[PDB]
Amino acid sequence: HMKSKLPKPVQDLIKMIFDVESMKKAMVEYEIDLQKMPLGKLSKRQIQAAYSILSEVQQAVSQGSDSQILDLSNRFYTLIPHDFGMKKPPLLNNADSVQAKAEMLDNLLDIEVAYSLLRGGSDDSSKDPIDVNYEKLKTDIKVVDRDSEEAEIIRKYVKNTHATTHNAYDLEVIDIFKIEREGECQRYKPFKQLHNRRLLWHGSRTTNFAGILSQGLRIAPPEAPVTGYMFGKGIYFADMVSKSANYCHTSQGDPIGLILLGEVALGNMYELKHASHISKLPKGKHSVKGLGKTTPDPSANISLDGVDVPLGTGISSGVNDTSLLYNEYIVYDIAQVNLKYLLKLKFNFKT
């Protein structure tokens, strides 16, 4: 084929995100049975129905028996086959089980998108499939130059916001990309001038990235159990790189991850300290801020293209009896995010 004119790092990025074997690896990591539920048999309506059953299990847990629950638990395993042999699978009887499976279903939702892009589409052996796959993202991706001003600010954000409690690894920034999802600038227009616009981190496993870049960051669907998400069904960000970077789920065995930087229109924050499984915001609020015990030093906030970058070292927030060690931000309308950058990270596991 014609061999592809995209920069090496952009090509390596497309290779990672569309990797089929990585998709399967993630599925077995969640205990799915690939013989009963292969990648190609994944569908939306099956994920949705599984989300529904998990909402049934949530109802029964909220109202308190291991016996009346057995039936609900079993229905979930009927819909999403797990790898337990001739079995008896573990009982889904608590809040932890609902959170754990809801996460699993979130990931399947993005993997189904990635796989559908790979199998929709046309087949032309004279084209570099790198080029073919890039185009399916409907996202302009450029390499940010190491000596630019935006590179220096991003590297400082990474450098300053690695929490001491996440010191089991550190991060090197391998490549910084600037990304522009088609139509997203247009979608964000209503919020483009809102107060409290912040540049924030969103980490996810590499196998979700094709979905995120084609569809943007999305909210978990109606069917999904609201209780599976600490502040309900929104899009979640951090101001500490290490808190987002933990959601990459990298390891010694695959230590390259991907992390986003999004412009997030927070406006008037509904500030909270403990779990609140809300489905709408109080009138007049635009976001939730989960209040951390530690925050980037407010006084070291800097500007990048008109947007606040909270890149200070962590200090005490002064907030007292909170569930959260670090800040968390949630928006509940997809149009309040505009994705700006994508970092490829190398994780040095010190353990």
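Rigid core (definition): largest C-alpha set, two forms, superposition within 1.5 Å. Each residue number is its position in the shown sequence, starting from 1.
Participant: Between 89 to 97 and 146 to 154, which one shows the bigger average Cα displacement from this form in 5 other deposited structures of this protein once the rigid core is aligned?
Facilitator: It is 89 to 97 whose C-alphas lie farther from the shown form in 5 other deposited structures of this protein.
Participant: Once everything is fitted on the core, do the CA positions of 101 to 109 or those of 70 to 78 lie farther from the shown form in 5 other deposited structures of this protein?
Facilitator: This comes out as 70 to 78, the stretch further from the shown form in 5 other deposited structures of this protein.
Participant: I want to verify a possible break: how many residues of the deposited sequence sit between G284 and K285 without any coordinates (none, 1 to 3, 4 to 9, 10 or more)?
Facilitator: Per the deposited record, the segment joining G284 and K285 has no missing residues.
Participant: Take the C-alpha B-factors listed in the entry for 329 to 337 and for 15 to 23, compute each mean, and give the stretch with the larger one.
Facilitator: Comparing 329 to 337 with 15 to 23, the higher average CA B-factor belongs to 15 to 23.
Participant: If you take the mean CA temperature factor per stretch, which one wins between 171 to 179 and 119 to 127?
Facilitator: Result of the comparison: 119 to 127.
Participant: Just to confirm, going by the entry's C-alpha B-factors, which of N107, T206, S97, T227 comes out highest?
Facilitator: By C-alpha B-factor in the record, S97 ranks first.
Participant: Identify, among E103, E112, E271, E149, the residue whose C-alpha carries the highest B-factor in the deposited PDB entry.
Facilitator: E149 has the highest C-alpha B-factor of those listed.
Participant: What third of the chain, by the recorded C-alpha B-factor, contains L92?
Facilitator: Its C-alpha B-factor, which the entry lists for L92, ranks in the highest third among residues of this chain.
Participant: Would the CA B-factor of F191 place it in the lowest, middle or highest third of its chain?
Facilitator: For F191, whose C-alpha B-factor we compare with every modelled residue in the chain, the answer is the middle third.
Participant: Ranking every modelled residue in this chain by its Cα temperature factor as given in the entry, which third contains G232?
Facilitator: It belongs to the lowest third of the chain when residues are ordered by C-alpha B-factor.
Participant: Name the third of the chain's ranked CA B-factors that contains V309, choosing lowest, middle or highest.
Facilitator: Answer is middle: the recorded C-alpha B-factor places it there.
Participant: Sorting the chain's CA B-factors, does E263 end up in the lowest, middle or highest third?
Facilitator: Lowest third - that is where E263 ends up once the chain's C-alpha B-factors are sorted.
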